[PDB]
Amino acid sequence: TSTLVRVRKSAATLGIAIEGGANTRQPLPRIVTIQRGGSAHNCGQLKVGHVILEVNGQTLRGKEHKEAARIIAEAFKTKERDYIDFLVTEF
């Protein structure tokens, strides 16, 4: 039900719109847009509708939207390696 997806940093941006976080209608960040040309689009294994549970092993469960977005942005901004790992789910 949950899948690890490695997103290679193939473009300057991650290129996703996320909606959701604790205490709102969508309780975990859900990918609602994938921008053409960004890193997520090149991945092919990320899909609109995927809910992000973890980023590089860091859980997003219980985090408010702005904190979840900050964690993802920080993980993508890494200079030590050329990818980011998401644990995602679909239902």
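So that the term is clear: the rigid core is the largest set of C-alpha atoms that superpose within 1.5 Å between two forms. We number the residues from 1 along the sequence you see.
J.: Please indicate which stretch deviates more in 4 other deposited structures of this protein: 45 to 53 or 23 to 31, judged by C-alpha RMS distance after a core superposition?
T.: Looking at 45 to 53 versus 23 to 31 in 4 other deposited structures of this protein, the farther one turns out to be 23 to 31.
J.: After superposing on the rigid core, which of 80 to 88 and 2 to 10 has its C-alpha atoms sitting farther from this form in 4 other deposited structures of this protein?
T.: With the rigid core superposed, the C-alphas that lie farther in 4 other deposited structures of this protein are those of 80 to 88.
J.: Between 50 to 58 and 37 to 45, which has the higher average C-alpha B-factor in the PDB entry?
T.: Looking at the record's C-alpha B-factors, the answer is 37 to 45.
J.: Pick between 80 to 88 and 1 to 9: the one whose mean CA B-factor in the entry is higher.
T.: Stretch with the higher mean C-alpha B-factor: 1 to 9.
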